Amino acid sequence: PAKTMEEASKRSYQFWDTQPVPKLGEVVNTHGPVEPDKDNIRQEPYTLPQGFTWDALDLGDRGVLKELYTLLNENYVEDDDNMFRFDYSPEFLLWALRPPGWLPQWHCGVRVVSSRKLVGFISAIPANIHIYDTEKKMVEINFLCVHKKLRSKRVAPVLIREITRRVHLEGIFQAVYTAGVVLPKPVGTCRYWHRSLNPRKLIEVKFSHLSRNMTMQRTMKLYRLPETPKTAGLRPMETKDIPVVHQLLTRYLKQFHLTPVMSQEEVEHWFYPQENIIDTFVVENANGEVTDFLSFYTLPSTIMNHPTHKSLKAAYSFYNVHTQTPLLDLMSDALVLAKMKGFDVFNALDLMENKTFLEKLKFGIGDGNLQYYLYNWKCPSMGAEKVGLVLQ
């Protein structure tokens, strides 16, 4: 894999060259599908290597959900240095994988025939996506994972072709996804920034480093936060707020070029607070009107090979909508709330308007990139500030 465009220029893409995506070299000046919709779809699953079998995972079965939890906990995305690994909780996986419209055949597992061990996974969820001047029903692809012992045997192309086939059967021909690797061809390139909330732990586990010109005591003062948020009328989102949160989000997202189009039921699913999964706080003003909201989701990482610290508690910026409260003040309060809730670090991308507050709120730039991709859709690339889509 290539994590920089430089390394990707020298690479050859034996699988992705076969797929309806633009080539890494060319510039795109068109808008539309790479190839027309297929009107006959392969009925049979693609063939796996001998000894492995497809199994659709019923995540409503607690035992099967735990198997998926364990596959990802042991084999999912690590940082560049193999020090941290995502640790999606079972309840988070239910949130991410059973939104409105979820389908069981889109929870696509691979098992060893003899032992029944779960060794592979890929998922699709439906989403309406606004890309420039087009709204398209698409899927979001997530949680592609191959067991470490199965790596480099080209199982991932089979997983991708099989989820593609299963999505084609439902009449959907475009997809959106992110990756830390460079593939043909990014529609936008984003970067994670990190806001330290627990500097001592972050430095101990080498998530962050102590600046050579700074001492620990000074570093802890640099990152100290108020005990309580400052914005008048900030409170957790409630059921009665679902319509106005939907309204605020829909109007706020029109300014970006890659965004979700959420129904009111989807807004309920993605924003209604669930402890240790998703937090949403609204600003209810002196007239009783909701004018702003902030949100962040919970995604810890395993700290590998460490005798004392085992997990890094991380909050991820989700969607933050401002119409009367300054975005800077909203995000300051998100930091205070995350600190109150025990998070070690607050993460945010440089997309939407986030660059307006990242440096001011003492975020530090992270390593690597988060590339955004469309499958079977040709359009010009865009700057990070025009990406208005956040995936789990």
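Note that the rigid core is defined as the largest set of C-alphas that superpose within 1.5 Å between two forms. The first residue of the shown sequence is 1; numbering continues from there.
Root mean square Cα distance to the shown form, taken over structures and residues in 7 other deposited structures of this protein after a core fit, is higher for 310-318 when 310-318 and 241-249 are compared. Per the PDB record, of the two stretches 272-280 and 189-197, 189-197 carries the greater mean B-factor over its C-alpha atoms. Mean C-alpha B-factor is higher over 148-156 than over the other stretch, the pair under comparison being 309-317 and 148-156. Per the deposited record, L225 carries the highest C-alpha B-factor of all listed residues (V139, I131, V119, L225). The PDB entry assigns the greatest CA B-factor among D350, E67, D55, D39 to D39. Sort the modelled residues of the chain by CA B factor and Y373 lands in the lowest third. Sorting the modelled residues of the chain by their CA temperature factor places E289 in the middle third.
For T231, the recorded CA temperature factor ranks within the middle third of the chain's modelled residues. Ranked by Cα temperature factor within the chain, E78 sits in the middle third according to the deposited record. For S123, the recorded CA B-factor ranks within the lowest third of the chain. Only modelled residues enter the ranking.
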